[PDB]
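Notes follow the structure.
Residue numbers (the deposited numbering): 1 to 54.
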């Protein structure tokens with residue numbers, strides 16, 4: 001339950017993403033990365049993929 005590891009999306013960080021998945025460095029499968037701008041620092045990046053507008 002901390003901001004450390006974040007690497008989960010339904011695709012790659014190139015130009016064809018699909019969905020958000022957040023994975024911590026202790027309890028994998030927490031919240032979400034891509035469509036999840038509830039951080040703006042660790043997610044927004046993996047969300048660079050997702051405009052966070054669905």
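Just so you know, even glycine gets a beta-carbon here, dropped at the ideal spot from N, CA and C.
field: Alpha carbon of residue 5 to alpha carbon of residue 15, nearest angstrom
entry: 22 angstroms
Cut-off 6 angstroms between Cβ atoms - residues of its own chain near residue 22, not counting five sequence neighbours on either side: 6, 8, 30, 31, 32, 33
task: Mind checking who residue 9 pairs with in its DSSP beta bridge?
output: 20
field: Contacts around residue 27, its chain only, beta-carbon distance under 8 angstroms, and the 5 residues preceding and following it disregarded
entry: 1
Same chain, Cβ closer than 6 angstroms to residue 10, five either side skipped, listed in chain order: The answer, listed in chain order, is 18, 19.
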